[PDB]
């Protein structure tokens, strides 16, 4: 009946703002789940979740907040070399989704990463394996 949402928090090891073979996971990371409504454009509820092993965070949504606009936001990191939240120009990197499932099956959300201060030196090797021009904005 309820909604099970799963997600992971990685340390963006290479400052790629996505997840590579060099990325590492963060347990004890801060994550905010927030939802809005259509009839008001307003809030509906807010819950804070924390990541366990493999950076997995989990949250159970009762169906009183059924099918509403929801976005996730990074809050805290267990790790000071990876304490920076990468902004995309002028916005915090949200992770928008809408609250729906069938057969009650868990919905796994895309991951979110914290930026490291010093990019690893083996990163040019990684972007080269994915054959992309390394981002430097």
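Numbering follows the first chain given and starts at 1.
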For this session: Averaging the C-alpha B factors as listed in the entry, name the stretch that ends up higher: 65-73 or 49-57.
Result: 65-73
Problem set entry | Higher-scoring stretch by recorded Cα B factor average, 1-9 or 126-134 | 1-9
Seminar exercise, completed: Residue set 107, 96, 32, 79, per-entry CA B-factor max assigned to 107
For this session: Would you check the entry's CA temperature factor for residue 28 and let me know if it's in the chain's lowest, middle or highest third?
Result: lowest
Exercise. When the modelled residues of the chain are sorted by Cα temperature factor, does residue 117 land in the lowest, middle or highest third?
Worked result: highest
